[PDB]
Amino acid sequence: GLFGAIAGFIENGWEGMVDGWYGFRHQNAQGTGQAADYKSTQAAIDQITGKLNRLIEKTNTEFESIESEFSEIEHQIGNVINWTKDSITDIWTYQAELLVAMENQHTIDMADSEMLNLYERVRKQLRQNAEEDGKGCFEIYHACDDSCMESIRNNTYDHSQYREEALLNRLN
């Protein structure tokens, strides 16, 4: 897609992730874990909400009937009304389809960008202590225990603390 993450370099979605749209899996000696990111999930969710709200805001134009349900209309005026009504219906059908095709394209790409943004945020936080694996994972060149993994998720990871160790490993 537009931003290259969802159905891009991230190979598939996580079906066991039920408490968020985006999040983290980790792996270290202590084991594997999975937690959802709150900030990016709401960023996506709130933008979807905005669209729903726009969808449901109602006009106020009152229309009366120009066609009798129970009696015969004069043929010539009947034909003008029919032509006009069908013309209006074609416009709205086309508009409805354009609206939904367009919004859909947008929400999918929006969802992709929020995933990318979260990826970029983690990358910059990790700075010179980690390397991209190309599948949406970061390989970390210092010992990162459950607690270290947690600071990364919480945006409080301090790269100055691990830089010395991680640089040495990267050069091997």
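For every residue, the number given is its place in the sequence shown, counted from 1.
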Give the stretch, out of 102-110 and 141-149, with the larger mean C-alpha temperature factor in the deposited entry. 141-149
Between 120-128 and 64-72, which has the higher average C-alpha B-factor in the PDB entry? 120-128
Check where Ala35 lands among this chain's C-alpha B-factors and tell me if it's the lowest, middle or highest third. middle
Going by what the PDB entry lists, where does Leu55 fall on CA B-factor within its chain: lowest, middle or highest third? middle
Looking at the entry's B-factor column for C-alpha atoms only, identify whether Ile48 ranks in the lowest, middle or highest third of its chain. lowest
